[PDB]
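Participant: What follows is protein.cif, mmCIF, C-alpha atoms and all ligand atoms.
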```
data_start
loop_
_atom_site.group_PDB
_atom_site.id
_atom_site.type_symbol
_atom_site.label_atom_id
_atom_site.label_comp_id
_atom_site.auth_asym_id
_atom_site.auth_seq_id
_atom_site.Cartn_x
_atom_site.Cartn_y
_atom_site.Cartn_z
ATOM 1 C CA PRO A 1 14.689 12.747 -17.679
ATOM 2 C CA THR A 2 11.539 13.977 -19.371
ATOM 3 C CA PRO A 3 8.953 15.085 -16.758
ATOM 4 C CA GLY A 4 6.369 12.377 -16.186
ATOM 5 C CA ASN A 5 8.592 9.768 -17.873
ATOM 6 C CA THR A 6 10.968 7.080 -16.639
ATOM 7 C CA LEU A 7 14.657 7.568 -17.492
ATOM 8 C CA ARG A 8 14.595 4.353 -19.527
ATOM 9 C CA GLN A 9 11.297 5.512 -21.048
ATOM 10 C CA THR A 10 12.657 8.893 -22.140
ATOM 11 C CA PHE A 11 15.873 7.285 -23.423
ATOM 12 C CA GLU A 12 13.808 4.881 -25.545
ATOM 13 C CA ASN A 13 11.621 7.783 -26.701
ATOM 14 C CA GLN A 14 14.677 9.799 -27.770
ATOM 15 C CA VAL A 15 16.190 6.822 -29.621
ATOM 16 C CA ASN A 16 12.864 6.076 -31.335
ATOM 17 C CA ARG A 17 12.476 9.749 -32.293
ATOM 18 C CA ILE A 18 15.983 9.875 -33.782
ATOM 19 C CA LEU A 19 15.548 6.646 -35.758
ATOM 20 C CA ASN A 20 12.074 7.679 -36.967
ATOM 21 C CA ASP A 21 13.473 11.030 -38.118
ATOM 22 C CA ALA A 22 16.222 9.077 -39.899
ATOM 23 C CA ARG A 23 13.726 6.758 -41.601
ATOM 24 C CA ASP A 24 11.541 9.718 -42.625
ATOM 25 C CA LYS A 25 14.561 11.517 -44.109
ATOM 26 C CA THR A 26 15.810 8.439 -45.971
ATOM 27 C CA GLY A 27 12.299 7.762 -47.292
ATOM 28 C CA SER A 28 12.009 11.359 -48.486
ATOM 29 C CA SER A 29 15.388 11.086 -50.232
ATOM 30 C CA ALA A 30 14.385 7.786 -51.864
ATOM 31 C CA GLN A 31 11.074 9.281 -53.015
ATOM 32 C CA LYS A 32 12.827 12.353 -54.441
ATOM 33 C CA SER A 33 15.277 10.083 -56.281
ATOM 34 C CA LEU A 34 12.444 8.362 -58.180
ATOM 35 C CA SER A 35 12.161 8.954 -61.916
ATOM 36 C CA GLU A 36 8.922 9.561 -63.799
ATOM 37 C CA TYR A 37 9.165 6.160 -65.523
ATOM 38 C CA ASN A 38 9.612 4.325 -62.203
ATOM 39 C CA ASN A 39 6.664 1.963 -61.849
ATOM 40 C CA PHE A 40 7.012 1.765 -58.053
ATOM 41 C CA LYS A 41 6.245 5.489 -57.924
ATOM 42 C CA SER A 42 3.363 5.149 -60.404
ATOM 43 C CA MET A 43 1.665 2.373 -58.418
ATOM 44 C CA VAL A 44 1.628 4.509 -55.268
ATOM 45 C CA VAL A 45 0.707 7.859 -56.817
ATOM 46 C CA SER A 46 -2.172 6.147 -58.647
ATOM 47 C CA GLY A 47 -3.296 4.647 -55.342
ATOM 48 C CA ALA A 48 -3.981 1.220 -56.845
ATOM 49 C CA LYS A 49 -1.718 -0.696 -54.451
ATOM 50 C CA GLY B 1 65.530 -20.732 12.118
ATOM 51 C CA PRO B 2 64.874 -24.467 11.760
ATOM 52 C CA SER B 3 61.157 -23.821 11.189
ATOM 53 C CA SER B 4 61.922 -21.595 8.183
ATOM 54 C CA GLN B 5 63.147 -24.655 6.230
ATOM 55 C CA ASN B 6 61.579 -27.472 8.251
ATOM 56 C CA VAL B 7 61.063 -30.764 6.394
ATOM 57 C CA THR B 8 58.973 -33.528 7.979
ATOM 58 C CA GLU B 9 58.907 -37.101 6.649
ATOM 59 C CA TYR B 10 56.570 -39.653 8.257
ATOM 60 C CA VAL B 11 55.475 -43.176 7.308
ATOM 61 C CA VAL B 12 51.907 -44.063 6.284
ATOM 62 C CA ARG B 13 50.624 -47.370 7.690
ATOM 63 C CA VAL B 14 47.326 -49.101 6.900
ATOM 64 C CA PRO B 15 46.438 -52.135 9.044
ATOM 65 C CA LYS B 16 44.079 -54.568 7.350
ATOM 66 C CA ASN B 17 41.214 -54.639 9.869
ATOM 67 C CA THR B 18 40.344 -53.359 13.342
ATOM 68 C CA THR B 19 37.977 -55.006 15.821
ATOM 69 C CA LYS B 20 36.583 -51.571 16.770
ATOM 70 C CA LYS B 21 34.648 -49.625 14.132
ATOM 71 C CA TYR B 22 35.516 -45.959 13.554
ATOM 72 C CA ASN B 23 33.263 -43.078 12.505
ATOM 73 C CA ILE B 24 33.196 -39.274 12.482
ATOM 74 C CA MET B 25 31.294 -36.392 14.115
ATOM 75 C CA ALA B 26 29.662 -33.353 12.492
ATOM 76 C CA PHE B 27 29.348 -30.153 14.553
ATOM 77 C CA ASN B 28 28.617 -26.678 13.215
ATOM 78 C CA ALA B 29 30.981 -23.929 14.336
ATOM 79 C CA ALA B 30 28.007 -21.552 14.589
ATOM 80 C CA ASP B 31 26.592 -23.820 17.321
ATOM 81 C CA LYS B 32 29.452 -22.607 19.596
ATOM 82 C CA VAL B 33 30.127 -25.942 21.275
ATOM 83 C CA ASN B 34 32.596 -26.314 24.152
ATOM 84 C CA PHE B 35 34.408 -29.432 25.368
ATOM 85 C CA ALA B 36 34.812 -28.369 29.009
ATOM 86 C CA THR B 37 31.116 -29.233 29.466
ATOM 87 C CA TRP B 38 31.882 -32.811 28.296
ATOM 88 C CA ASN B 39 31.884 -34.419 31.743
ATOM 89 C CA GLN B 40 29.394 -37.270 31.230
ATOM 90 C CA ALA B 41 28.009 -38.515 27.919
ATOM 91 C CA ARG B 42 25.323 -40.868 26.630
ATOM 92 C CA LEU B 43 24.823 -42.237 23.115
ATOM 93 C CA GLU B 44 21.785 -44.469 22.588
ATOM 94 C CA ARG B 45 19.132 -45.417 20.018
ATOM 95 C CA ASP B 46 16.066 -43.532 18.887
ATOM 96 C CA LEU B 47 12.764 -45.075 19.970
ATOM 97 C CA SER B 48 10.485 -43.162 17.574
ATOM 98 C CA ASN B 49 10.728 -45.924 14.955
ATOM 99 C CA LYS B 50 9.776 -48.598 17.505
ATOM 100 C CA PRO B 51 18.508 -50.394 14.443
ATOM 101 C CA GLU B 52 21.665 -49.994 12.353
ATOM 102 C CA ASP B 53 19.747 -48.233 9.548
ATOM 103 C CA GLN B 54 17.879 -46.003 12.034
ATOM 104 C CA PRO B 55 18.849 -42.446 13.082
ATOM 105 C CA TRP B 56 20.909 -41.831 16.184
ATOM 106 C CA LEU B 57 20.502 -40.246 19.622
ATOM 107 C CA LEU B 58 22.942 -38.620 22.030
ATOM 108 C CA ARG B 59 22.623 -37.139 25.521
ATOM 109 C CA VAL B 60 24.924 -34.751 27.396
ATOM 110 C CA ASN B 61 25.072 -34.822 31.227
ATOM 111 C CA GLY B 62 21.700 -36.560 31.404
ATOM 112 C CA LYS B 63 18.759 -34.179 31.107
ATOM 113 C CA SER B 64 20.708 -31.161 32.405
ATOM 114 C CA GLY B 65 22.875 -30.690 29.314
ATOM 115 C CA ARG B 66 21.906 -30.138 25.704
ATOM 116 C CA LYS B 67 20.592 -32.832 23.360
ATOM 117 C CA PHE B 68 21.545 -33.985 19.857
ATOM 118 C CA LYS B 69 19.910 -36.221 17.252
ATOM 119 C CA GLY B 70 22.042 -37.952 14.625
ATOM 120 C CA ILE B 71 21.087 -38.669 11.018
ATOM 121 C CA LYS B 72 23.190 -40.578 8.491
ATOM 122 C CA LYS B 73 24.330 -38.777 5.339
ATOM 123 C CA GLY B 74 22.286 -39.373 2.205
ATOM 124 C CA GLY B 75 25.235 -40.002 -0.080
ATOM 125 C CA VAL B 76 26.819 -43.429 -0.414
ATOM 126 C CA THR B 77 30.559 -44.033 -0.067
ATOM 127 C CA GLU B 78 30.895 -45.999 -3.301
ATOM 128 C CA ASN B 79 33.272 -43.408 -4.799
ATOM 129 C CA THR B 80 34.502 -41.730 -1.590
ATOM 130 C CA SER B 81 36.857 -42.806 1.188
ATOM 131 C CA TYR B 82 37.751 -40.692 4.226
ATOM 132 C CA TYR B 83 40.829 -41.325 6.372
ATOM 133 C CA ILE B 84 41.787 -40.112 9.850
ATOM 134 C CA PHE B 85 45.476 -39.496 10.596
ATOM 135 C CA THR B 86 46.352 -39.932 14.280
ATOM 136 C CA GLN B 87 49.564 -38.781 15.949
ATOM 137 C CA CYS B 88 51.452 -41.485 17.845
ATOM 138 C CA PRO B 89 54.856 -41.631 19.592
ATOM 139 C CA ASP B 90 56.238 -43.999 16.928
ATOM 140 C CA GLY B 91 55.888 -41.180 14.382
ATOM 141 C CA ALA B 92 54.167 -43.173 11.615
ATOM 142 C CA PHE B 93 50.809 -41.925 10.330
ATOM 143 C CA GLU B 94 47.858 -44.316 10.564
ATOM 144 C CA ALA B 95 45.278 -44.380 7.756
ATOM 145 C CA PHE B 96 41.840 -45.691 8.766
ATOM 146 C CA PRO B 97 38.712 -45.626 6.558
ATOM 147 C CA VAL B 98 35.527 -44.426 8.239
ATOM 148 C CA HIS B 99 32.325 -46.466 8.123
ATOM 149 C CA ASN B 100 29.579 -43.814 8.195
ATOM 150 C CA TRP B 101 29.194 -40.052 8.586
ATOM 151 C CA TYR B 102 26.397 -38.820 10.857
ATOM 152 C CA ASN B 103 24.973 -35.295 11.077
ATOM 153 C CA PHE B 104 23.890 -33.921 14.465
ATOM 154 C CA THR B 105 21.809 -30.881 15.435
ATOM 155 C CA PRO B 106 20.978 -29.409 18.858
ATOM 156 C CA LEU B 107 17.516 -29.654 20.401
ATOM 157 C CA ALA B 108 15.676 -27.230 22.670
ATOM 158 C CA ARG B 109 14.719 -28.267 26.212
ATOM 159 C CA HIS B 110 11.455 -26.447 26.965
ATOM 160 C CA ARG B 111 7.666 -26.807 27.004
ATOM 161 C CA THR B 112 7.126 -27.334 23.292
ATOM 162 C CA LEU B 113 3.588 -26.921 21.984
ATOM 163 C CA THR B 114 1.987 -30.337 21.542
ATOM 164 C CA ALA B 115 -0.077 -31.164 18.470
ATOM 165 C CA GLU B 116 -3.407 -31.880 20.196
ATOM 166 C CA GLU B 117 -3.568 -28.294 21.502
ATOM 167 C CA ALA B 118 -1.815 -26.845 18.433
ATOM 168 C CA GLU B 119 -5.140 -26.592 16.572
ATOM 169 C CA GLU B 120 -6.730 -23.982 18.855
ATOM 170 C CA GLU B 121 -4.467 -21.113 17.732
ATOM 171 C CA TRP B 122 -5.168 -21.850 14.056
ATOM 172 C CA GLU B 123 -8.590 -20.180 14.139
ATOM 173 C CA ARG B 124 -6.513 -17.076 14.944
ATOM 174 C CA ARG B 125 -4.922 -17.498 11.516
ATOM 175 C CA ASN B 126 -4.532 -13.748 10.972
ATOM 176 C CA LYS B 127 -6.486 -12.637 14.093
ATOM 177 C CA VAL B 128 -3.493 -13.741 16.296
ATOM 178 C CA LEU B 129 -2.752 -11.230 19.063
ATOM 179 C CA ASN B 130 0.478 -10.755 21.058
ATOM 180 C CA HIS B 131 2.984 -13.083 19.401
ATOM 181 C CA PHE B 132 5.453 -12.141 22.154
ATOM 182 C CA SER B 133 3.469 -13.839 24.962
ATOM 183 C CA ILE B 134 2.365 -17.170 23.475
ATOM 184 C CA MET B 135 4.789 -18.995 25.794
ATOM 185 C CA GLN B 136 3.370 -17.085 28.789
ATOM 186 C CA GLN B 137 0.045 -18.930 28.511
ATOM 187 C CA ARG B 138 1.911 -22.258 28.598
ATOM 188 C CA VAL C 1 20.742 -2.768 11.299
ATOM 189 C CA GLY C 2 21.777 -6.266 12.366
ATOM 190 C CA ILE C 3 20.528 -9.347 14.222
ATOM 191 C CA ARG C 4 22.009 -12.264 16.145
ATOM 192 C CA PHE C 5 20.641 -15.456 17.687
ATOM 193 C CA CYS C 6 20.303 -17.128 21.082
ATOM 194 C CA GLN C 7 23.150 -19.025 22.736
ATOM 195 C CA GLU C 8 22.170 -22.090 24.762
ATOM 196 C CA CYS C 9 19.144 -23.219 22.731
ATOM 197 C CA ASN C 10 20.264 -21.410 19.534
ATOM 198 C CA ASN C 11 16.990 -19.664 18.643
ATOM 199 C CA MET C 12 15.956 -16.330 17.118
ATOM 200 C CA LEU C 13 16.065 -13.248 19.364
ATOM 201 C CA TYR C 14 13.066 -10.957 19.995
ATOM 202 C CA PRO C 15 13.061 -7.459 21.538
ATOM 203 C CA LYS C 16 11.915 -6.539 25.036
ATOM 204 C CA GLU C 17 11.851 -3.298 27.001
ATOM 205 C CA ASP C 18 13.053 -3.276 30.606
ATOM 206 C CA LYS C 19 10.759 -1.907 33.297
ATOM 207 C CA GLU C 20 13.475 -0.932 35.794
ATOM 208 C CA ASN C 21 16.653 0.227 34.033
ATOM 209 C CA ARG C 22 14.948 1.532 30.824
ATOM 210 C CA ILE C 23 17.352 -0.202 28.417
ATOM 211 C CA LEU C 24 16.333 -2.192 25.340
ATOM 212 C CA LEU C 25 16.796 -5.898 26.023
ATOM 213 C CA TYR C 26 17.069 -8.425 23.197
ATOM 214 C CA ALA C 27 15.984 -11.824 24.479
ATOM 215 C CA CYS C 28 14.955 -15.305 23.411
ATOM 216 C CA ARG C 29 11.430 -15.944 24.695
ATOM 217 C CA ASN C 30 12.060 -19.650 24.322
ATOM 218 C CA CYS C 31 14.574 -19.009 27.139
ATOM 219 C CA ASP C 32 15.399 -16.536 29.901
ATOM 220 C CA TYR C 33 18.559 -15.303 28.145
ATOM 221 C CA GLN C 34 18.685 -11.498 28.417
ATOM 222 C CA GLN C 35 21.376 -9.165 27.082
ATOM 223 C CA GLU C 36 21.808 -5.581 25.929
ATOM 224 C CA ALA C 37 22.597 -4.437 22.387
ATOM 225 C CA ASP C 38 25.253 -1.805 21.707
ATOM 226 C CA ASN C 39 23.778 -0.877 18.309
ATOM 227 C CA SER C 40 20.588 0.626 19.862
ATOM 228 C CA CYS C 41 18.784 0.134 16.532
ATOM 229 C CA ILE C 42 15.943 -2.299 15.855
ATOM 230 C CA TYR C 43 14.499 -1.480 12.433
ATOM 231 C CA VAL C 44 15.617 0.428 9.342
ATOM 232 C CA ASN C 45 14.032 0.436 5.879
ATOM 233 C CA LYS C 46 15.394 2.427 2.929
ATOM 234 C CA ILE C 47 12.146 2.848 1.005
ATOM 235 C CA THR C 48 13.781 4.919 -1.749
ATOM 236 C CA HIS C 49 16.443 2.154 -1.789
ATOM 237 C CA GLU C 50 19.772 3.906 -2.319
ATOM 238 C CA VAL C 51 21.891 0.940 -1.301
ATOM 239 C CA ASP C 52 25.566 0.867 -2.273
ATOM 240 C CA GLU C 53 25.913 -1.606 -5.140
ATOM 241 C CA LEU C 54 29.728 -1.620 -4.934
ATOM 242 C CA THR C 55 29.509 -4.478 -2.426
ATOM 243 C CA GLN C 56 26.793 -6.104 -4.560
ATOM 244 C CA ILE C 57 29.008 -6.683 -7.603
ATOM 245 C CA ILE C 58 31.029 -9.901 -7.528
ATOM 246 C CA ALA C 59 34.744 -9.223 -8.028
ATOM 247 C CA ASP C 60 34.908 -12.065 -10.592
ATOM 248 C CA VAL C 61 32.450 -10.596 -13.116
ATOM 249 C CA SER C 62 35.321 -8.942 -15.030
ATOM 250 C CA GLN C 63 36.654 -12.291 -16.292
ATOM 251 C CA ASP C 64 33.396 -12.914 -18.241
ATOM 252 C CA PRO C 65 33.824 -13.495 -22.002
ATOM 253 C CA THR C 66 30.632 -11.879 -23.317
ATOM 254 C CA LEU C 67 30.870 -8.667 -21.282
ATOM 255 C CA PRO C 68 32.215 -5.537 -23.030
ATOM 256 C CA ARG C 69 35.855 -4.521 -22.786
ATOM 257 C CA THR C 70 36.961 -0.888 -22.944
ATOM 258 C CA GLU C 71 40.516 0.390 -23.334
ATOM 259 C CA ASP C 72 40.328 3.752 -21.543
ATOM 260 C CA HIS C 73 39.296 4.556 -17.922
ATOM 261 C CA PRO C 74 42.072 2.713 -16.039
ATOM 262 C CA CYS C 75 41.845 1.208 -12.574
ATOM 263 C CA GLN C 76 42.891 2.985 -9.371
ATOM 264 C CA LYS C 77 45.004 0.605 -7.251
ATOM 265 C CA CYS C 78 46.770 -0.738 -10.354
ATOM 266 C CA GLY C 79 47.159 1.004 -13.686
ATOM 267 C CA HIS C 80 46.049 -1.816 -16.023
ATOM 268 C CA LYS C 81 44.502 0.231 -18.824
ATOM 269 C CA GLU C 82 41.739 -2.289 -19.606
ATOM 270 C CA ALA C 83 38.352 -2.586 -17.918
ATOM 271 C CA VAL C 84 34.789 -3.874 -18.241
ATOM 272 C CA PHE C 85 31.665 -1.697 -18.155
ATOM 273 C CA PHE C 86 28.063 -2.806 -17.631
ATOM 274 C CA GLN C 87 24.838 -1.780 -15.897
ATOM 275 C CA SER C 88 23.217 -3.187 -12.770
ATOM 276 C CA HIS C 89 20.064 -4.422 -14.590
ATOM 277 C CA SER C 90 18.341 -4.990 -11.243
ATOM 278 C CA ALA C 91 14.555 -4.691 -11.337
ATOM 279 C CA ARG C 92 12.815 -2.235 -8.938
ATOM 280 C CA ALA C 93 16.220 -0.862 -7.795
ATOM 281 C CA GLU C 94 16.160 2.584 -9.468
ATOM 282 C CA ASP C 95 16.209 3.401 -13.185
ATOM 283 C CA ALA C 96 19.761 4.713 -13.697
ATOM 284 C CA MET C 97 21.681 4.045 -16.911
ATOM 285 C CA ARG C 98 24.970 4.720 -15.101
ATOM 286 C CA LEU C 99 27.893 2.389 -15.681
ATOM 287 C CA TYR C 100 29.681 0.029 -13.292
ATOM 288 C CA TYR C 101 33.397 -0.289 -14.073
ATOM 289 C CA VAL C 102 35.374 -3.307 -12.826
ATOM 290 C CA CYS C 103 39.105 -3.839 -13.292
ATOM 291 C CA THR C 104 39.884 -6.993 -15.274
ATOM 292 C CA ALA C 105 43.263 -7.874 -13.743
ATOM 293 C CA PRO C 106 43.400 -11.423 -12.290
ATOM 294 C CA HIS C 107 44.411 -10.348 -8.764
ATOM 295 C CA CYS C 108 42.752 -6.902 -8.750
ATOM 296 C CA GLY C 109 39.035 -6.283 -8.362
ATOM 297 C CA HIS C 110 38.780 -2.703 -7.160
ATOM 298 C CA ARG C 111 35.518 -1.618 -8.791
ATOM 299 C CA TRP C 112 34.455 1.999 -9.255
ATOM 300 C CA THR C 113 31.393 3.790 -10.606
ATOM 301 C CA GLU C 114 31.724 7.166 -12.328
HETATM 302 ZN ZN ZN D 201 16.946 -19.248 23.541
HETATM 303 ZN ZN ZN D 202 42.933 -2.833 -11.038
#
```
Render the structure in this file as structure tokens.

Facilitator:
Amino acid sequence: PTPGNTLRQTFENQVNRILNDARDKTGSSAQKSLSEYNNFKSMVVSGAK
Amino acid sequence: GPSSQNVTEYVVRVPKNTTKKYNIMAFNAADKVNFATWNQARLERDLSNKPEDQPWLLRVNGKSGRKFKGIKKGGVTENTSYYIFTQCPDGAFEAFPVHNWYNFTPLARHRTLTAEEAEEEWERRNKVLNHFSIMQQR
Amino acid sequence: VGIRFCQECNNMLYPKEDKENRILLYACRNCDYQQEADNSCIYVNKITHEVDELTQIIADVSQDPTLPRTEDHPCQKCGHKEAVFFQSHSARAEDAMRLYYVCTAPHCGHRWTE
């Protein structure tokens, strides 16, 4: 157990950390896969919406 | 031996009606009741209501022995029928339906706290002192 | 560690110390019924609450449909290479995620926790 944390609490924290790292990595891969003509990328690099 | 393959075959007989009505007891095994004490018995009516639809009363050995109060079961015997099989020298089982089932509980025989003086120890709702010697004042 | 009740009025028993023989004396103070206790223990409280849950688990939980069903970790008294694993899920009784294995044979029921 993590010091100062419940065993369930640190298990949930580890699972949340692993899944958040996974979602960050898959988002980075999806963003790197975007082309220059992709309008989804253009709308978010412009900052319009 | 003979008991290793013993086969018993008896006859079931139901007479139509008996002049004496039959019923059934209800004693808890945790009460630890004995039948050697059963030397003299009484079974009368309750007088708290003041008869057939009124709870029962029973006395053992007068006031010396323990006391029971009988209450009829809440369920109705519209879909149930209970039979008592009695052994007899003719060897044929007798099947007799019971009329009612009554539940009995023991009663203490001591100086119980009456209700008119029961209100004085309610001001000591949490302030009560010496639970172990409440009977000593009585 | 354990309690029992009175005999002739069938009431709850309270403790009493004896002035002469210096032996603990369980007694019903609705009566005069006095007896000694061989346990010599009146009160125990496991505040950290490490009770043994092996007696807590019903032996018939293994025949549940919606519980899991593993293939390894066989039983001890019988081989029967099929078992059910679950957690206690009891509030306030510790926080362990440790698993409670029960054998799923119809006449078995030896449960173990590893
Ligand atoms: Zn008593
Ligand atoms: Zn087994």

Participant: Around ligand ZN 201 (chain D), out to 7 Å and counting all atoms listed in the file, which residues are there? I want them as a list in words.

Facilitator: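 So the residues close to ligand ZN 201 (chain D) are residues 6, 7, 8, 9, 10, 11, 28, 29, 30, 31 and 33 of chain C.
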
Participant: Quick check: residues of chain B within 9 Å of chain C, all atoms listed in the file, returned as a PyMOL selection string.

Facilitator: chain B and resi 31-32+66+106-111+132-133+135

Participant: With the PyMOL selection byres (((chain B and resi 40) around 8) and not hetatm) as the selection, what would be picked from this file? Answer as a list in words, please.

Facilitator: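 When the PyMOL selection byres (((chain B and resi 40) around 8) and not hetatm) is applied, the selected residues are residues 38, 39, 41, 42, 60, 61 and 62 of chain B.
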
Participant: Could you tell me how far atom CA of residue B:76 lies from atom CA of residue B:59, in Å and to one decimal?

Facilitator: 27.0 Å

Participant: Please extract the residues at most 10 Å from ligand ZN 202 (chain D), counting only C-alpha atoms and all ligand atoms, and provide them as a list in words, using the chain letters and residue numbers of this document.

Facilitator: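 Every residue with an atom at most 10 Å from ligand ZN 202 (chain D) is listed here: residues 74, 75, 76, 77, 78, 79, 80, 81, 82, 83, 102, 103, 104, 105, 106, 107, 108, 109, 110, 111 and 112 of chain C.
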
Participant: Can you write out the residues you just picked, keeping C-alpha atoms, as a short mmCIF file (atom, residue, chain, number, x, y, z; two decimals), in the coordinates of the input?

Facilitator:
```
data_model
loop_
_atom_site.label_atom_id
_atom_site.label_comp_id
_atom_site.auth_asym_id
_atom_site.auth_seq_id
_atom_site.Cartn_x
_atom_site.Cartn_y
_atom_site.Cartn_z
CA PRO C 74 42.07 2.71 -16.04
CA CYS C 75 41.84 1.21 -12.57
CA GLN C 76 42.89 2.98 -9.37
CA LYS C 77 45.00 0.60 -7.25
CA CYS C 78 46.77 -0.74 -10.35
CA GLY C 79 47.16 1.00 -13.69
CA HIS C 80 46.05 -1.82 -16.02
CA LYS C 81 44.50 0.23 -18.82
CA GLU C 82 41.74 -2.29 -19.61
CA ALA C 83 38.35 -2.59 -17.92
CA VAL C 102 35.37 -3.31 -12.83
CA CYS C 103 39.10 -3.84 -13.29
CA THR C 104 39.88 -6.99 -15.27
CA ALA C 105 43.26 -7.87 -13.74
CA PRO C 106 43.40 -11.42 -12.29
CA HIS C 107 44.41 -10.35 -8.76
CA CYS C 108 42.75 -6.90 -8.75
CA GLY C 109 39.03 -6.28 -8.36
CA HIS C 110 38.78 -2.70 -7.16
CA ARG C 111 35.52 -1.62 -8.79
CA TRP C 112 34.46 2.00 -9.26
#
```
